[PDB]
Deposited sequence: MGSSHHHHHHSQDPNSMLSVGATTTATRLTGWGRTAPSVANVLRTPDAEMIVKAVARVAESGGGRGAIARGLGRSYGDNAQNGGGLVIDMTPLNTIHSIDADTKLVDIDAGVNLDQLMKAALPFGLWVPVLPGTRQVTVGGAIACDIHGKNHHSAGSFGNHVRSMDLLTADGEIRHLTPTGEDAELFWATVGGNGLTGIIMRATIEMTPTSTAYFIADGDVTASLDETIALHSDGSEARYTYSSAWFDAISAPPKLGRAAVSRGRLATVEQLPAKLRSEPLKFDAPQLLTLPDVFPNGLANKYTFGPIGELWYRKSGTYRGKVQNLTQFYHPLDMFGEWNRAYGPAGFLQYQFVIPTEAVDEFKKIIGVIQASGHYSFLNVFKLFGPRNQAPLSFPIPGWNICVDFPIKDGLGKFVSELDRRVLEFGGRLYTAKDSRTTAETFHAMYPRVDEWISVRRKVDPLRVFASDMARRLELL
């Protein structure tokens, strides 16, 4: 029934051997969880999606890992209610394609589409539209949760079991296995975006641009920022902002299938500064999803609360002066948070940086953790593999509330992961 497999997260880092159960049969999954519960709990079980977490949240050294990707039935889509009913192994690319002919858009897309619905709920994922749509869990109308006792619980965001619903959102698999969910989609009349592009010369400008009001005009917003240059070039950004196009905004060619989804010597001088400015400045460009959104290393992502703007500028300065060079860097302003205790996003300045593994890096990121903590921010568990229990607990002050929900639903510690043990969420 199960195979011994060396599993890792996407950062190809911290390997651990587990029994991997890979079955299309939901029955077998129920029986395997019963097999784990009866056998004195042991080192437990965790669900796995497409393995796109950089962390260790989808591995369980010496325990059971349940591969959820063969549970990938789309049960129903309804254009009138905007509801899709899917198995938790359905991925967001598959969902996106199935839903478009109904005029329905996946309401939160992350930077990849190769992500399961289960993983999208359990990490409470966010994307380019967070300030207008919130995160994934805001759009879940119901889910079916396989709990430790072997019962499948039907959960909704309001009414009884709300607490457990909200513990499962961002719960990293630790309340049990999400089998099935109903999601409310966003109505759209096209597969396209109308996009504006802006380019700033400085961090001060980047911040000014993001707090001048203009963010209200766009449903989707994010930036690539410079993390290497000295100040005041540092934190200069290519900003890309837009919204879903309506049919009347498309060039005539596209109106018949509006829902179809099918170095050099100059580059470091003044001319390329102009090139990159021109090329990155535009208004009302029509773009598909690939052009607008989806075109060794240690990923590190954090958010600093909105008011702590001076503290945010200080952390960027520390990154640049550190001697650790990050080329691919995403900046976004998050909007309001939801009610999930372990949900990562909070209103404020979100950054994802990417460091090549060098001497000293492990210790440098520890200092960064400390600064993020002091400034009221937190790290994202989907990107993290190395932070301590202490640091994590102080960054998520609702963790105790969460833990008691978890102990209520899982008394025998039937659901467990490397991360759980490391972060003392067990």
item	value
Deposited-sequence segments unaccounted for in the coordinates	1 to 22, 285 to 299, 333 to 346
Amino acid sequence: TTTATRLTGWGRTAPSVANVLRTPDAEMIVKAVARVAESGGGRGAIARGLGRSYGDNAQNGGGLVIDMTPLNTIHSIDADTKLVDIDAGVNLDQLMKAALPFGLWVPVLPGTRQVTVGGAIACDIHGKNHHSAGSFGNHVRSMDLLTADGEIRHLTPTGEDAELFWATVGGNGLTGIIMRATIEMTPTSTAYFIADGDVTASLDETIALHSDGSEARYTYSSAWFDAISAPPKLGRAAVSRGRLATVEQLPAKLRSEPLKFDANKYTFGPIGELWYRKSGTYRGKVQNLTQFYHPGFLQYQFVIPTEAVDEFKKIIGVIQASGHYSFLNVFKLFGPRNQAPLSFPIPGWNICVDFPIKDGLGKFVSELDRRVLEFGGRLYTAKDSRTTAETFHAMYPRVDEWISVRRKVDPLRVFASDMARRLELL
From here on, numbers count along this sequence of modelled residues.
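Superpose the two forms; the largest set of C-alphas matching within 1.5 Å is the rigid core.
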| query | finding |
| --- | --- |
| Higher C-alpha RMS shift from the shown form in 8 other deposited structures of this protein - 273 to 281 or 142 to 150, rigid core fit | 273 to 281 |
| Stretch with the higher entry mean CA B-factor, where the candidates are 160 to 168 and 252 to 260 | 252 to 260 |
| 230 to 238 or 107 to 115, whichever carries the higher mean Cα B-factor | 230 to 238 |
| C-alpha B-factor winner, where the candidates are 370, 31, 48, 378 | 31 |
| Residue with highest C-alpha B-factor in the PDB entry, from 193, 334, 302, 266 | 266 |
| B-factor third for the C-alpha atom of residue 225 within its chain | middle |
| Modelled-residue ranking by C-alpha temperature factor, third containing residue 344 | lowest |
| Residue 101 - which third its CA temperature factor falls in, relative to the rest of the chain | lowest |
| Record-listed C-alpha B factor of residue 297: chain third | highest |
| Assigned third (lowest, middle, highest) for the C-alpha B factor of residue 271 | highest |
